[PDB]
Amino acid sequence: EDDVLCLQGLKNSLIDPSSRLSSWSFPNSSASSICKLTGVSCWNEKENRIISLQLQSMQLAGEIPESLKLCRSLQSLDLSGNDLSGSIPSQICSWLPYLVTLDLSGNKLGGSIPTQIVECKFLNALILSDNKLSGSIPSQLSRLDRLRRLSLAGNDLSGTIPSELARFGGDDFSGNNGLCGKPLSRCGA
């Protein structure tokens, strides 16, 4: 099944210096039951379809892997508080179109927030605080119909907050690289 290969590829591609994914085994190859592996929640108890991956604070490093496209039934991805780096892949919403919650906070992700984030049409929560993200916040984030939570604090973001995102509070944008506009202080004043 595709979901078993998702987890196999994720384990093979991430760097795992503390062996936190050691308990993940695949004794029946592609047909292994993976619903009791640490960090994994399945839709139901009759299939290997994964609804959420919670791999937070596992000392994982490397880049966010393409293997996640094989976890296509995924709605919640929490990779927060690890040592992941590289950029937020611009393909992420084509890999995981059904994401409701995306939490990549507390890592070392650089580059900018890709404009293709808009393709995650069902996103309720986008949590990207405490990374090394740079550039402007793309105004595409305003077009996420269901976005109720946005956390971009503690990055290196710059320029003007898109006026549509002013519904969110100041705590959501604070600690950035001269980022300005409501809800933060006015640009240059």
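Don't overthink the numbering: it's just position in the shown sequence, from 1.
Taking the PDB entry as given, 158-166 carries the higher mean Cα B factor of the two stretches 158-166 and 117-125. When the mean C-alpha temperature factors of 32-40 and 138-146 are read from the deposited coordinates, 138-146 comes out higher. Residues shown: 15, 21, 10, 180. Highest C-alpha temperature factor in the entry: 180. Per-chain ranking of the deposited C-alpha B factor places residue 5 in the middle third.
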